[PDB]
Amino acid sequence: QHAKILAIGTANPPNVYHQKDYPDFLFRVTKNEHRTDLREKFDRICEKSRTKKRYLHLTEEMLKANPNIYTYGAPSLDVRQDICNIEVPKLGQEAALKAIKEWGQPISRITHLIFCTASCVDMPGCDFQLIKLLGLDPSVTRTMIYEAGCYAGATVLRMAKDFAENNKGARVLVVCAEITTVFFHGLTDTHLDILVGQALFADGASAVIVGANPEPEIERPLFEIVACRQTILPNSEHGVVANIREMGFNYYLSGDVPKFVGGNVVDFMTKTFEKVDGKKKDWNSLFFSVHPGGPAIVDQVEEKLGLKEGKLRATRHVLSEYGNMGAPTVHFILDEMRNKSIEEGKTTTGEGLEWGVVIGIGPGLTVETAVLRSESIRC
């Protein structure tokens, strides 16, 4: 009796930034219009980004009030934390209320809380703040995952599976919330990686309810979490790095990350399915939620697994409509896949297919996979 995803909810900040407008906005508000060299590079990145819009908490007024945020290397962690330590739990609350509504049970039935964010850190943590906001039982069993990065949307499902399967009757609320205000940096030719994050990173929160043994006529499973695997891709420690500094959360992104993912995807898929049935080819038989760290990562997975046109539609849709929101993104993709499956009259939440995978990719490079089964479309 495996752990099941029983509900998914999502949320984003209200302010929409269309990619067509973002170069103009970024260069104007950061006083960098003279950097026509960097604007050329940024335009090219945005054109290739396959991201049409993003939701962001950060506003121009916040930058005007705190110009150190766009002054590369200037001290600004404290103002960023003052924002994110409040806004991350709040955005998580909105997603959680949506998941709880879908789930249909009283909040008092939640026994476990996993909160994940790479956007802030505080003691007590976001988990404690969310307990207050939602009125969760004060004795909920908590896991607070700080600063894991972009594999964690799969990792939190793995953790929830073990908690839900080993604790009879447990119901795990999983909340992943990101506010990228802490990662916003100004522009310098000595740190061009910032142009990539400025084009792709975005804000959002997901909430998932996980439990084994669904209650008939109340609970309705969407996916089953069958097996998981986490691995470090060889010789890729420089792939994604982020340091918590006086200047905020600074980050570095190697241009070789897509090549590392493509060079390892057959292997990490094969070793994951060794835990299930030994599948080693014919990857088009699965449905997929792939963390869209950037468009080239999605393209590498498609190419090296030999995926047919449209196999990664749900992944690409979320990248287009929301950008890379970090750990929550794969949950947005599962929600989109469930929604489109309803629209199309599919027999299951996984595009009509039985088996699928979630692929999270982040620092290490670390890849966490979760093999899922879909569920029949009901209620």
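Residues carry their position along the shown sequence, with the first being 1.
Relative to one another, 31 to 39 and 334 to 342 have unequal mean CA B-factors, and 31 to 39 is the one with the higher figure. In this entry, 291 to 299 shows the higher mean Cα temperature factor of the pair 291 to 299 and 175 to 183.
Across the residues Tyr252, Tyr151, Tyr146, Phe223, the deposited record lists the maximum Cα B factor for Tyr252.
Between the residues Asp282, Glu87, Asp127, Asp162, the entry's highest C-alpha temperature factor is the one at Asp282. In this PDB entry, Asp189 carries a Cα temperature factor that places it within the highest third of its chain's modelled residues.
When the CA B factors of the chain's modelled residues are split into thirds, the value for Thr366 lands in the middle one. For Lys4, the recorded CA B-factor ranks within the lowest third of the chain. Only modelled residues enter the ranking.
When the modelled residues of the chain are ordered by their C-alpha B factor, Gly356 lands in the lowest third. Among all modelled residues in this chain, the alpha-carbon of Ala327 has a temperature factor (C-alpha) in the lowest third.
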